Amino acid sequence: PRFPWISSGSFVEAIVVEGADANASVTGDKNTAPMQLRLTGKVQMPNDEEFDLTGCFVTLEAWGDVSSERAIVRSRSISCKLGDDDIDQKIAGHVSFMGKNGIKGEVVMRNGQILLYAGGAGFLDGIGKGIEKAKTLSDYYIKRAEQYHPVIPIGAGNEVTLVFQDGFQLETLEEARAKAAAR
Amino acid sequence: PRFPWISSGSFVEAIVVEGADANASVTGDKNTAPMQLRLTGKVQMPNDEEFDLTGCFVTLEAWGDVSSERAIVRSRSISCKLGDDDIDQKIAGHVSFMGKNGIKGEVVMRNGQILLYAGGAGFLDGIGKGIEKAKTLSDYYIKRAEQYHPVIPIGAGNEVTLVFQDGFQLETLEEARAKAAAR
Amino acid sequence: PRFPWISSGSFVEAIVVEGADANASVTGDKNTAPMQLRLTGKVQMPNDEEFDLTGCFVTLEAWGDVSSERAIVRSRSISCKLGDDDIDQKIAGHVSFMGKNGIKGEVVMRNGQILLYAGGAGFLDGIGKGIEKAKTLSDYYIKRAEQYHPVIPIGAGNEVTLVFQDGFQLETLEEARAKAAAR
Amino acid sequence: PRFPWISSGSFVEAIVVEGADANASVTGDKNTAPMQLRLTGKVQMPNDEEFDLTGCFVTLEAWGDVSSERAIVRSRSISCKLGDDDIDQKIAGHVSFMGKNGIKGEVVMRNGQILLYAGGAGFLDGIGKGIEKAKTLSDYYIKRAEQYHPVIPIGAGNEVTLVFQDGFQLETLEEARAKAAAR
Amino acid sequence: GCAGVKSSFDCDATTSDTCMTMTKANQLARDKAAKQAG
Amino acid sequence: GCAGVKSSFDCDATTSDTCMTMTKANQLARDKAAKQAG
Amino acid sequence: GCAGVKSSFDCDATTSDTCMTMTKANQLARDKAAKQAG
Amino acid sequence: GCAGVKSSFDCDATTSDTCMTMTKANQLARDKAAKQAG
Amino acid sequence: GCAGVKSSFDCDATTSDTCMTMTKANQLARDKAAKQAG
């Protein structure tokens, strides 16, 4: 089949081509932000052997978590045209940066001006109540500051390593149509 | 079929022709504001190869989010008349600006005068209550200031890059009618 | 068929003939205010080609939104009599002004006198309660000021560009009756 | 079958290749973070005998617990290509570090700035209430600091020993297809 | 107080509200198209 | 007070909001593609 | 006050947020792969 | 106050968090196995 | 205050927490069994 079996746990060095801002909130797993990277190595296989799969696109998804300032990435699919054929398989892999799981960045929040105004209003309200011997503005500003959620920005052009959690057999589009013609 | 297979993850440099103001509120995904851009490059494909698809219109949709001051864009369809034929396919792509996902702008809000008046009324009310040894105006002004929602404006004539999340086979209108005549 | 296929995303420069005041409230999408414009260009098509469709009427609908001071327009139908034939198709397009989506104006509100009176009554009530060592008028004036809703006025004679979101095949009335005679 | 029976309790010295941050919260067992390690010893078997299985990948899962600053690891599968054959079995093992169960690290928390601000706001509120002869900011900051959860970071390149809790018979892919062809 | 994020669109291009009848706009559209075709 | 974690994106690259018509952007796209092809 | 257990990761290796286009990252990936193969 | 029973593990052997890539750990594992076999 | 009935076990014999690897304990068990058989 001119295509080896990509065993479970093989990894390949890559490089990010499309960054994203990781939606890092209590609900980020459902609001994913697509990234993309492109293979620039040789697939390292368990017994010190490889398979030349370079210059190909694999599309991803992203969502960060705040505790560890990392961006968790779940791969989507692959795309390769080595020769006169096409490739489109689904990959259930992930991406690791500098040894650990998920690419890491610096979490970012924007509620500076709104929070400043809300705090100023609250302080003025407290002293105004105290020194007698506004109030309905503060609740509006809180609800306006509560609709953000911290994000982790990931550039485009950093080095990562994709790793295939579950193994699969690489096949081209035509070999996929032919077996689909059987049943 | 004189038309290659646009694999998953190919991207093309484009330029925005119709801007929009991104509805950036807790409910913006359902109130989309159409944009449009027009292809001015060559479709970059995974193995360093291309397909001349330039001078064509792809219609979009937009809605911003406030945390990351970006405008998320979900493509709608394509339109091409290379030769004496037509093209109208549906594209499930998106648009990325300067490396990251979604075009970025500067979020904009308009509640300046209304909020100024509401705050003034509240402050006057507080001091009037305090110094005794209006009130029903403030609630009206809050409800008038609470019907806006911040928007991110996007000009027309900025450079972006469309990217196809899922691959598809480009076909003309006539080839679509003929296969539709089979079933 | 002497009529090309108006592909998805073609646009034509036009000019507004009937303005309107955009109902810009939390419920404006259901209370639309008709406008109308008239084609004064040549339909720009994706591959730098055109189709002379000038001097024709396309009827619209309008409703504004307050955040971005624009008036969103959803087309209704077209009307053309090039020659001895008629044309009446339904167009699902929209209208863009100066690059971005929807024509922009300046939002307008009228609650000046009523709000002035309500505020005066409230202030007088507060001081009258305070200095003892009217009230039932204020609620009436609020309910009278709460039945307006800001509107965006659009003149008649400004330049816009209609754009067809979804493509269609232009056909005359007679060709429509004949195919309707089949089934 | 050229493959011995890996009895219950055999262990092999390994080395971690992909680290992770252990989700150490009251709900971490369901949000696992994948690791990976690679066999660099000989499988020690109960009666002082071995089986050369070196240079192979075994994929894992992780989740820490806070009381004992350890990261509990539950293996997923194995992958070996000794010769012209493949291996992919499921292993129900675990990993022990320096004698005890689970790799140990140093638990890490990030709520420094947010907690500092919340405490400062509370202290200012208390003294402001006290000395009269803000408040609504504090609850927002608590809810922002309550969405983290301590994590235990594990590098990549530390020495561990995998141990198989339940025994199994090692078999290649082809021997698995053939028996699957019987039923 | 004031709003939060910047309260201004950075390219001000509004519409002109002049009171002209339908027929006058129609004649202007004829003039525009006639000039454009030439 | 202020926010928590750093309130700044570390590469500021915003869009330019200039008011040009659809047709002008179209002509600019033609110019760009024509130059790029050469 | 402050947090509890140590509030620091002991190997700081963050990402670089530079604003380069998709095509530029693509050309960099070609350069990297071409060098690596040689 | 403080905790109750002794708050200390009596053999401190933690992990080293050094930032090395997957491939570097792979090469280290090859070096280790090659030395061990000899 | 304190507890009630005597708070002490009258023969203190605890375990030793030394950090040795699995293989080292294995080699110690071989040494022990080999000595015991002789």
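Residues numbered from 1 in each chain as written, not as in the entry; some residues may be left out. Chains lettered and ligands numbered in written order. Part of a larger assembly, values for the part shown. Heavy atoms only, no water.

What the entry reports as its method is cryo-EM, with 3.34 Å given for the resolution.

On to the interface of chain C and chain B, then. Contacts between the two partners involve 41 residues from chain C and, on the opposite side, 39 residues from chain B. Put simply, chain C and chain B have four salt bridges between them. Counting every contact that joins chain C to chain B gives 17 residue pairs in polar contact. Elements that contribute at least two residues to the side of chain C that touches chain B include exactly β1 (5-6), β5 (43-45), β11 (93-97), β12 (100-101), α1 (113-130) and α2 (135-145) of chain C. With six residues, α1 of chain C is the single largest residue contributor to the side of chain C that touches chain B. A per-class count over the side of chain C that touches chain B returns 14 nonpolar, 19 polar and eight charged. (Contact = heavy atoms within 4.5 Å. Salt bridge = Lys/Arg side-chain N within 4 Å of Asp/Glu carboxyl O. Polar contact = N/O pair within 3.5 Å; in protein donor to acceptor, adjacent residues only side chain to side chain. Helix = DSSP H or I, 4+ residues; strand = E, 2+ residues; numbered from the N terminus. Nonpolar A, V, L, I, M, F, W, Y, C, P; charged D, E, K, R; others polar.)

Our focus in this paragraph is the layout of surface pockets. Here the second largest pocket is characterised by a volume of approximately 1300 Å³. If you go around the second largest pocket, you meet 50 residues; those closest to its centre are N23, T27, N31 and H149 of chain B together with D65 of chain C. Mapped onto the lining of the second largest pocket, the elements with two or more residues apiece are α2 (135-145) of chain A, β3 (20-23) of chain B together with β8 (62-65), β9 (70-73) and β11 of chain C. Here the lining of the second largest pocket gets four residues from one element, more than from any other, and that element is β3 of chain B. Class assignment for the residues of the lining of the second largest pocket results in 19 nonpolar, 19 polar and twelve charged. (1 Å grid on protein atoms, 1.4 Å probe; cavity = no way out; pocket = protein on both sides within 12 Å on 5 of 7 lines; lining within 4 Å. Points joined across faces, edges and corners; volume = space filled by probe spheres on them.)

Residue and element names in this part refer to chain C. Pairing is antiparallel across the open sheet formed by three strands, whose spatial order is β8-β9-β13. Two strands lie at the open edges of the sheet, namely β8 and β13 (103-104), each paired on one side alone. Relative to β13, β9 runs antiparallel, the two sharing two bridges. Directly across from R70, in β13, lies its bridge partner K104. (Pairing = 2+ DSSP bridges.)

Contacts between the two partners involve 13 residues from chain B and, on the opposite side, nine residues from chain E. In this assembly, chain B packs against chain E so that about 920 Å² is buried in total across both faces, 61% of it on carbon and sulfur atoms. Our count for the chain B to chain E interface comes out at one salt bridge. Salt-bridge contacts for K6 of chain E lead to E106 of chain B; the nearest nitrogen and oxygen are separated by 3.9 Å. At the junction of chain B with chain E, the criterion picks out four residue pairs in polar contact. Listed by contribution, the elements that provide at least two residues to the side of chain B that touches chain E are α1 (113-130) and β14 (151-154) of chain B. Ranked by residues supplied to the side of chain B that touches chain E, first place goes to α1 of chain B with three residues. (Buried area = accessible area lost by both parts, 1.4 Å probe.)

Attention now goes to the pairing of strand β15 (residues 159-164) of chain C. Residues and elements named next belong to chain C. Counted residue by residue, β15 has five buried out of six residues, so it is predominantly covered. In this sheet, β15 lies alongside strand β2 (residues 11-18) in antiparallel orientation, the contact comprising five bridges. Residue pairing in the sheet places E13 in a bridge with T161 of β15. As paired strands, β11 and β15 are joined by three bridges and run antiparallel to one another. Across the sheet, residue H94 finds its bridge partner in β15, namely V163. (Buried < 20%, exposed > 50% of the residue type's maximum accessible area, 1.4 Å probe, protein only.)

Residue and element names in this part refer to chain D. Judged by pairing direction, the sheet is antiparallel, and its three strands sit side by side in the order β8-β9-β13 without closing on themselves. The strands lining the two open edges of the sheet, one partner per strand, are β8 (62-65) and β13 (103-104). Pairing analysis gives four bridges linking β8 to strand β9 (residues 70-73), with the strands arranged antiparallel. Note that in β9 the partner of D65 across the bridge is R70.

Right, let's get into the pattern of salt bridges. Considering all chains together, one arrives at 37 salt bridges over all chains under this definition. Ionic pairing is found between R30 of chain H and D48 of chain A, a salt bridge with its closest N-O pair at 3.8 Å. Placement of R30 of chain H in helix α1 (residues 22-37) and of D48 of chain A in the loop between β5 (43-45) and β6 (49-51) is noted, with the two residues assigned to different chains. Here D48 of chain A falls in the partly exposed class, since its relative accessible area comes to 48%. Salt-bridge contacts for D166 of chain A lead to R76 of chain D; the nearest nitrogen and oxygen are separated by 3.2 Å. Of the two residues, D166 of chain A sits in the loop between β15 (159-164) and β16 (168-169) while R76 of chain D sits in the loop between β9 and β10 (77-79), which places them in two different chains.

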